Amino acid sequence: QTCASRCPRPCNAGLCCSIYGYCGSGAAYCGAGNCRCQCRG
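For this entry, the PDB record names solution NMR as the structure determination method.

Going by what the PDB entry lists, the chain is known as Eucommia Antifungal peptide 2 and is assigned to Eucommia ulmoides. Under the Function heading, UniProt states for the chain: "Has antifungal activity against P.infestans, A.lycopersici, V.dahliae, G.zeae, A.nicotianae, F.moniliforme, F.oxysporum and C.gossypii." Listed under Subunit in UniProt, the entry text for the chain is "Monomer."

As structure tokens, then:
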């Protein structure tokens with residue numbers, strides 16, 4: 001709901017922020033274009 005607001009470190013290590021407005025993993029959340037933050041590492 002406010003991940004982008006807590007960027008570039010909205011969540012902890014291991015998870016990535018999805019443009020949809022939610023953290024997660026894999027490509028769905030940490031994919032090229034489908035990630036708002038935590039895409040580089």
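Now that the structure has been shown, the text picks up again.
Novice: What is the right way to look at the UniProt feature "disulfide bond" in the chain in this model?
Specialist: Sulfur atoms of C11 and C23, annotated by UniProt as disulfide partners, sit 2.0 Å apart, under the 2.5 Å cut-off for a formed bond. In this pair, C11 sits in the segment before strand 1 (16–18) while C23 sits in strand 2 (residues 22–24), placing the two residues twelve residues apart along the sequence. Its relative accessible area of 27% is what places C11 among the partly exposed residues. Between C35 and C39, where UniProt places a disulfide bridge, the two sulfur atoms sit 2.0 Å from each other, close enough for the bridge to exist in this structure. By relative accessible area, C39 is classed as partly exposed at 42%.

Criteria and thresholds
- Residues numbered from 1 in each chain as written, not as in the entry; some residues may be left out.
- Heavy atoms only, no water.
- Residues with missing side-chain atoms left out of burial classes, pairs and counts.
- UniProt positions renumbered as here; feature names shortened; annotations may be inferred.
- Disulfide = S-S within 2.5 Å.
- Helix = DSSP H or I, 4+ residues; strand = E, 2+ residues; numbered from the N terminus.
- Buried < 20%, exposed > 50% of the residue type's maximum accessible area, 1.4 Å probe, protein only.

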